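> Please find one structure pasted underneath; my questions will follow.
Here the Cβ is made from the backbone with ideal geometry for all residues, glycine too, and neighbour counts use every protein chain on show. Every number in this text was worked out from the coordinates using simple rules, so none of it is lab data.
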Ligand SMILES: *[C@@H]1O[C@H](CO)[C@@H](O[C@@H]2O[C@H](CO)[C@@H](O[C@@H]3O[C@H](CO[C@H]4O[C@H](CO)[C@@H](O)[C@H](O)[C@@H]4O)[C@@H](O)[C@H](O[C@H]4O[C@H](CO)[C@@H](O)[C@H](O)[C@@H]4O)[C@@H]3O)[C@H](O)[C@H]2NC(C)=O)[C@H](O)[C@H]1NC(C)=O
Ligand SMILES: *[C@@H]1O[C@H](CO)[C@@H](O[C@@H]2O[C@H](CO)[C@@H](O[C@@H]3O[C@H](CO[C@H]4O[C@H](CO)[C@@H](O)[C@H](O)[C@@H]4O)[C@@H](O)[C@H](O[C@H]4O[C@H](CO)[C@@H](O)[C@H](O)[C@@H]4O)[C@@H]3O)[C@H](O)[C@H]2NC(C)=O)[C@H](O)[C@H]1NC(C)=O
């Protein structure tokens, strides 16, 4: 069951992530 | 540098750690073409050996001339050995070309020491 | 043809629902990634760059319980293109300046899912592994070179390297015929290096190369020694009229310079004299001192003299022999 949690976390990480923009664009320096 | 005498195919089984495999080997019978190396190296170095005899035929005490000839020959022999070294790989073998140039080398050295003892 | 469909459905079942991100037995004991190497050949030993080019049939067998099948009593060997769909150890060679897996005809690579689960993954690799060369005894050197296999992202908790077979894991080393070298011995070590993050696995294949003095004794030492002998010939000539002796002596250093110039091309620039430059320079010093001996005797005579001549004649061979004996004794051991 440990793997299920781990793989679900990896699945949900990239959801909604747009790699074209650096972190905190227009808010603060990275 | 070589001539294609002919081809010869084969097929056997080779045993390895992964398992058993069939290996198809095509043998190309390459025969050496010695003409280029003969004219490049053998002919001039042999002429150096003959040049050694020229010093022998030089006669009379004539110390400066004998010394000049004898010592001057070794320079060209050394240069020829260096040039022959280019095509030779680093294989730890007693190469026939190396044997030949070494024979010429010791021949010139023997001629020079022959004059040394004669003097 | 029923076996064809059976193998098809079994392979489809295995590769379906497979997470390349998760190592075998994730959240469990370390996966015992056995290794196995067979050195096809050592192409060359580049001492100038201090590295050697090695081509090997690198193989690494581990167990993945997911890739387990029992219906077919045979060992599938799928196409090499399936490796990208299966988990693989993140192995890297610590001392690896440049390497590539051969591509002709297809990408040289193997997969073989054994019935139990053991996956025999192998690649045909060419590596220009780095090897710190201590060329201070060169050419009478015993250069020791190693290949350092190590996992990159996994610590000893998750992965573990061992030589399947205590010593048989390395094969084909004896048949290797290096051009200028002889592989005196090879050893395999299985360390667990401790880094800042944690303890990482490590396998250190080592080859104790020995320089082949048979080649270089005639290539390099023999000409220099012979020229040195020619220097001795000068003393015999005369002292009343030695205008020939000066010429004979002064030609020898030119010969030495030419030999040295041709030699320097192959060698690196390590500051220590090495076994070779020390000998060449010592022979240079001996012939130079022969020229100086001629200078001294000629000056004294034109400024007893016979005794000077004969004492020099006896002195030079014996002191040169002492130099040769000392050098050979020092560097042979
Ligand atoms: C598909 O995959 C299977 C599973 O990996 C492999 O089957 C192997 O087949 C080889 C045949 O050459 C077997 O080799 C022999 O196995 C004997 C029994 O091995 C069992 O017992 C030993 C006891 O120590 C265990 O270590 C081992 O894991 C097995 O549980 C050995 O007794 C043999 O020893 C000697 O045999 C001859 C004798 O002259 C020597 O030449 C050998 O060098 C060796 O010293 C020998 O090792 C091998 O065991 C099988 N593997 C397994 C796991 O059982 C094949 O890859 C393949 N098999 C197929 C398709 O049928
Ligand atoms: C070419 O150059 C490489 C340099 O990398 C040489 O490689 C070294 O080889 C030596 C000898 O094989 C290696 O020494 C080995 O060390 C191991 C680790 O020792 C520790 O072991 C436990 C942890 O497992 C500690 O608790 C303990 O305190 C030790 O500190 C040993 O396990 C090895 O086996 C035996 O070592 C000694 C006896 O020699 C005893 O401790 C035991 O009997 C033990 O079983 C071995 O000693 C060394 O690690 C290698 N790497 C280096 C030096 O970096 C190559 O050897 C060389 N080529 C050739 C042909 O020699």
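> Taking the simple approach of a point 7 Å from Cα along Cα-to-Cβ for both residue C:194 and residue C:243, what is their distance in nm?
Those two pseudo-labels are separated by 8.1 nm.
> Taking 45 Å as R0, compute the FRET efficiency from the Cβ-Cβ separation of residue B:91 and residue B:60 and round it to 0.05.
After rounding to 0.05, the efficiency reads 0.45.
> Sticking with this structure for a sec: Using a 10 Å cut-off around each Cβ, can you sort C:293, C:265, C:9, B:114 from fewest to most neighbouring Cβ atoms?
If I rank by nearby Cβ atoms, fewest first, I get C:265, C:9, B:114, C:293.
> Something else about it: When a footprinting reagent is the concern and you count Cβ atoms within 10 Å, what order do A:4, C:53 take, fewest first?
With the fewest neighbours first, A:4, C:53 line up as A:4, C:53.
> Quick one: Cα centre-to-centre distance for region B:52-83 and region C:16-43, in angstrom?
Cα centres, region B:52-83 to region C:16-43: 69 Å.
> How much length would be gained if the chain were fully extended between residue C:3 and residue C:236, taking 0.36 nm per residue of separation minus their Cα-Cα distance, in nm to one decimal?
Between residue C:3 and residue C:236, full extension yields an extra 74.7 nm.
> Then there is this: Starting with the fewest neighbours, write out B:75, C:280 ranked by other beta-carbon atoms found within 10 Å of each beta-carbon.
Fewest to most other Cβ atoms nearby, the residues stand as B:75, C:280.
> Note the full-extension length gain between residue C:296 and residue C:85 as 0.36 nm times their separation in residues minus their Cα-Cα distance, in nm to one decimal.
67.7 nm
> A follow-up question, please. Against the longest principal axis of chain B, how steep is helix B:43-57, in degrees 0 to 90 to the nearest 10, with axes from Cα atoms?
Value to nearest ten degrees: 20.
> Rounded, prolate or oblate, given the Cα gyration tensor of region C:103-205, with a/c below 1.5 counting as rounded?
Oblate is the answer for region C:103-205, as a/c is 1.5 or above yet b/c matches or exceeds a/b.
> Turning to a different aspect of this structure: At 7 Å along the Cα-to-beta-carbon direction for both residue C:177 and residue B:3, put a label point, then send me their distance in nm to one decimal.
2.5
> From the Cα gyration tensor of the protein assembly as shown, with a ≥ b ≥ c the square roots of its eigenvalues, which class applies: rounded if a/c is under 1.5, or else prolate if a/b is larger than b/c, or else oblate?
prolate
> Between residue B:82 and residue C:307, what is the FRET efficiency for a Förster distance of 41 Å, r being their Cβ-Cβ separation, to the nearest 0.05?
Approximately 0.50, to the nearest 0.05.
> Can you give the FRET efficiency to the nearest 0.05 for residue B:36 and residue C:98, using r as the Cβ-Cβ distance and R₀ = 35 Å?
0.50
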